[PDB]
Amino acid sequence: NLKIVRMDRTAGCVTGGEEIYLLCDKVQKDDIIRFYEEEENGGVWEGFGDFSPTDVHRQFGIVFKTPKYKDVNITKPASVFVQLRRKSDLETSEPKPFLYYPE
């Protein structure tokens, strides 16, 4: 169902606000980007891509800005995951890798 096909960037500054173009299989502009890192003995950090319905290009693309990472003071890169997700039923795509690098 949900699939990320490709992204123009797979790395970003921990400060977020960087624009990325994502090409996906069919989505609905008002019912659709979850950055997440599975944390060590249970928890899960998440941040969401920033964009509006008009940024969803013809159901097959999304232009958005990255969320800020959980810790903007890291000195070494942090490898996290990115996935599509639907608001209506919280179903998701298989995750893609994303690399947060220090400021």
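The numbering used is simple: start at 1 and walk along the sequence shown.
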**OP:** Using what the record says, work out whether there is a hole in the model between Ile32 and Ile33 and how many deposited residues it spans (none, 1 to 3, 4 to 9, 10 or more).
**Re:** 1 to 3
Subject >> Given 53 to 61 and 35 to 43, the range whose Cα B-factors average higher in the PDB entry >> reply: 35 to 43
**OP:** Could you check the entry and say whether 90 to 98 or 21 to 29 has the higher mean CA B-factor?
**Re:** 90 to 98
Original post:
In terms of the chain's CA B-factor thirds, is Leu2 lowest, middle or highest?
Top reply: highest
